[PDB]
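Asker: Sharing a structure with you now.
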Amino acid sequence: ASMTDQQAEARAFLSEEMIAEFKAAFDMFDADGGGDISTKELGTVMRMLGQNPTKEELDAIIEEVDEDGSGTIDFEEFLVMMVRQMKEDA
């Protein structure tokens, strides 16, 4: 109940140093910046952390994030994803 700040929920779940570790891989695609990358490549990141998802299903993830069009993605929303997975629906 009350998920008008899912964003903050992500950082609260992980530690301080744990966050810095995720930053390392984010730079692989963003040389000088480490703030925002492409949405088409975002999913590729999801798999290169240690996952097992479908390419067609990644199409859906897009609509869930920026339902209103297709802009960009940041490190904040980026943590919101990894959180959704670890929980799992079952």
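Identifiers in the structure tokens: chain A, B, ... in order shown; residue index from 1 per chain; ligand index from 1 in order shown.
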For segment 28-33 of chain A, please output as a ChimeraX atom specification all residues within 12 Å (counting only C-alpha atoms; exclusion window: fewer than 4 positions along the same chain).
Answerer: /A:22-24,37-42,44-45,48,73-75
Asker: Quick one: everything within 12 Å of residue 70 of chain A, counting only C-alpha atoms, minus sequence neighbours fewer than 2 positions away in the same chain. Send it as a ChimeraX atom specification.
Answerer: /A:38-40,59,61-68,72-73
Asker: Just how far from atom CA of residue 49 of chain A is atom CA of residue 14 of chain A, in Å to one decimal?
Answerer: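 Interatomic distance, atom CA of residue 14 of chain A to atom CA of residue 49 of chain A: 15.4 Å.
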Asker: Run DSSP on the backbone and give me the residues of chain A it puts in strand (DSSP E), as an mmCIF file with C-alpha atoms, in the first residue's frame.
Answerer:
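Saved result, out03.cif, follows:
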data_model
loop_
_atom_site.group_PDB
_atom_site.id
_atom_site.type_symbol
_atom_site.label_atom_id
_atom_site.label_comp_id
_atom_site.auth_asym_id
_atom_site.auth_seq_id
_atom_site.Cartn_x
_atom_site.Cartn_y
_atom_site.Cartn_z
ATOM 1 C CA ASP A 36 21.570 8.352 -17.722
ATOM 2 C CA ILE A 37 21.948 5.798 -20.630
ATOM 3 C CA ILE A 73 16.526 5.994 -17.903
ATOM 4 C CA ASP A 74 18.555 7.041 -14.750
#
Asker: Output as a list in words all residues of segment 5-39 of chain A that backbone DSSP marks as alpha helix (DSSP H).
Answerer: residues 6, 7, 8, 9, 10, 11, 12, 13, 17, 18, 19, 20, 21, 22, 23, 24, 25, 26, 27 and 39 of chain A
Asker: Generate a file of the selected residues that holds N, CA and C atoms, formatted as an mmCIF file, in the first residue's frame.
Answerer:
data_model
loop_
_atom_site.group_PDB
_atom_site.id
_atom_site.type_symbol
_atom_site.label_atom_id
_atom_site.label_comp_id
_atom_site.auth_asym_id
_atom_site.auth_seq_id
_atom_site.Cartn_x
_atom_site.Cartn_y
_atom_site.Cartn_z
ATOM 1 N N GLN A 6 8.130 4.552 -4.813
ATOM 2 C CA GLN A 6 8.845 3.283 -5.116
ATOM 3 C C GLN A 6 10.351 3.605 -5.327
ATOM 4 N N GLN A 7 10.630 4.772 -5.937
ATOM 5 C CA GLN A 7 12.013 5.199 -6.280
ATOM 6 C C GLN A 7 12.901 5.042 -5.017
ATOM 7 N N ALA A 8 12.537 5.755 -3.935
ATOM 8 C CA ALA A 8 13.340 5.799 -2.685
ATOM 9 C C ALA A 8 13.445 4.375 -2.071
ATOM 10 N N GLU A 9 12.380 3.571 -2.249
ATOM 11 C CA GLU A 9 12.271 2.219 -1.635
ATOM 12 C C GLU A 9 13.517 1.387 -2.045
ATOM 13 N N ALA A 10 13.996 1.597 -3.286
ATOM 14 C CA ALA A 10 15.111 0.803 -3.868
ATOM 15 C C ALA A 10 16.399 0.993 -3.019
ATOM 16 N N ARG A 11 16.752 2.265 -2.753
ATOM 17 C CA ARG A 11 18.009 2.637 -2.051
ATOM 18 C C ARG A 11 17.932 2.108 -0.592
ATOM 19 N N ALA A 12 16.719 2.146 -0.006
ATOM 20 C CA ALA A 12 16.486 1.721 1.400
ATOM 21 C C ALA A 12 16.766 0.201 1.555
ATOM 22 N N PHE A 13 16.547 -0.566 0.470
ATOM 23 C CA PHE A 13 16.660 -2.049 0.489
ATOM 24 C C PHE A 13 18.163 -2.440 0.462
ATOM 25 N N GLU A 17 27.625 1.006 0.271
ATOM 26 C CA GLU A 17 28.749 0.591 -0.613
ATOM 27 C C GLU A 17 28.174 -0.277 -1.767
ATOM 28 N N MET A 18 27.106 -1.039 -1.471
ATOM 29 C CA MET A 18 26.469 -1.959 -2.451
ATOM 30 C C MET A 18 26.045 -1.128 -3.692
ATOM 31 N N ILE A 19 25.580 0.113 -3.449
ATOM 32 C CA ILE A 19 25.052 1.010 -4.512
ATOM 33 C C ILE A 19 26.257 1.363 -5.426
ATOM 34 N N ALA A 20 27.382 1.768 -4.809
ATOM 35 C CA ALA A 20 28.598 2.209 -5.544
ATOM 36 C C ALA A 20 29.038 1.110 -6.549
ATOM 37 N N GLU A 21 28.799 -0.163 -6.183
ATOM 38 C CA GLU A 21 29.252 -1.336 -6.977
ATOM 39 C C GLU A 21 28.452 -1.374 -8.307
ATOM 40 N N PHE A 22 27.138 -1.092 -8.220
ATOM 41 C CA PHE A 22 26.230 -1.088 -9.398
ATOM 42 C C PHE A 22 26.678 0.038 -10.369
ATOM 43 N N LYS A 23 27.183 1.150 -9.797
ATOM 44 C CA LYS A 23 27.617 2.340 -10.577
ATOM 45 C C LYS A 23 28.699 1.886 -11.594
ATOM 46 N N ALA A 24 29.571 0.956 -11.166
ATOM 47 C CA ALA A 24 30.730 0.496 -11.978
ATOM 48 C C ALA A 24 30.249 0.054 -13.388
ATOM 49 N N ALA A 25 29.230 -0.824 -13.420
ATOM 50 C CA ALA A 25 28.715 -1.425 -14.680
ATOM 51 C C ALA A 25 27.967 -0.349 -15.515
ATOM 52 N N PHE A 26 27.315 0.599 -14.815
ATOM 53 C CA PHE A 26 26.518 1.678 -15.457
ATOM 54 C C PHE A 26 27.456 2.522 -16.362
ATOM 55 N N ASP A 27 28.722 2.672 -15.932
ATOM 56 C CA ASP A 27 29.729 3.508 -16.640
ATOM 57 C C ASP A 27 30.148 2.799 -17.959
ATOM 58 N N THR A 39 17.501 3.363 -23.195
ATOM 59 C CA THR A 39 16.478 2.425 -22.661
ATOM 60 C C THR A 39 16.560 1.081 -23.434
#
Asker: Could you tell me how far atom CA of residue 4 of chain A lies from atom CA of residue 85 of chain A, in Å and to one decimal?
Answerer: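 One can read the atom CA of residue 4 of chain A to atom CA of residue 85 of chain A distance as 19.2 Å.
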Asker: Using only C-alpha atoms, which of the listed residues (A:3, A:78, A:15, A:86) sits closest to residue 51 of chain A?
Answerer: A:86
